[PDB]
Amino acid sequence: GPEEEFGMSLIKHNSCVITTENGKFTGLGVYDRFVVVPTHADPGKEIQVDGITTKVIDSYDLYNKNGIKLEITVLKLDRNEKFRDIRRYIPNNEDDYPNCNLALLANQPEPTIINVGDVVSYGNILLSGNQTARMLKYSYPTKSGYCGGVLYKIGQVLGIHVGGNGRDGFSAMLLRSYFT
């Protein structure tokens, strides 16, 4: 089945467990030594990538035009390994996406693929009191430990999981123009 194989491939080549003072998160390698984590992962001067202490050269928290956070932080890692370029899989615009999946690595016994169903561009939400913009919503009972999880569909890297309430799950949207 090509979409599930695409999912495991994306974890093999583009996923990693980013560890910070806040705990372990699924990091998504986007291109060269750039990786994204939830902004609430709160990455310091050094983070652990798959257990290896790594220095982060620069840390860029992503915000929309009106100053609201996107809950995406772009990390530029000090390390030899280069990530495969998945940018061509990233959407240029906001949209809705039926039958999506979530690729989990951190806090999981092993790389796990969860089907969260239909996804909708849901607008701004309040995560633990904090306004957050460009939210993809889905009706799936996502749990603690899922943050950083890569929302995807065959040939499509849609977003990274950042929150939920036992009922629904929310992902920070990935847009191509952010990785330019």
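Take the two forms, find the largest set of C-alpha atoms that superpose within 1.5 Å, and that set is the rigid core. Start at 1 and count along the sequence shown; that's the residue number.
Farther-lying stretch by C-alpha RMS in 5 other deposited structures of this protein (rigid core fit) among 49-57, 124-132
Higher root mean square deviation of C-alphas in 5 other deposited structures of this protein is shown by 124-132.
Look over 147-155 and 43-51 in the entry and identify the one with the greater average Cα temperature factor.
Of 43-51 and 147-155, the stretch with the higher C-alpha B-factor average is 43-51.
Using only C-alpha atoms and the B-factors in the entry, which stretch averages higher, 52-60 or 33-41?
Stretch with the greater average CA B-factor: 52-60.
Ordered by C-alpha B-factor within the chain, which third holds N22? Give me lowest, middle or highest, please.
Answer is middle: the recorded C-alpha B-factor places it there.
Third of the chain's Cα B-factor distribution that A103 belongs to, per the entry:
Lowest third.
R134, C-alpha B-factor rank within chain (lowest, middle or highest third)
Middle third - that is where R134 ends up once the chain's C-alpha B-factors are sorted.
What third of its chain, lowest, middle or highest, does the C-alpha temperature factor of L174 fall into?
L174: CA B-factor falls in the lowest third of its chain.
What third of its chain, lowest, middle or highest, does the C-alpha temperature factor of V74 fall into?
It falls in the middle third of the chain.
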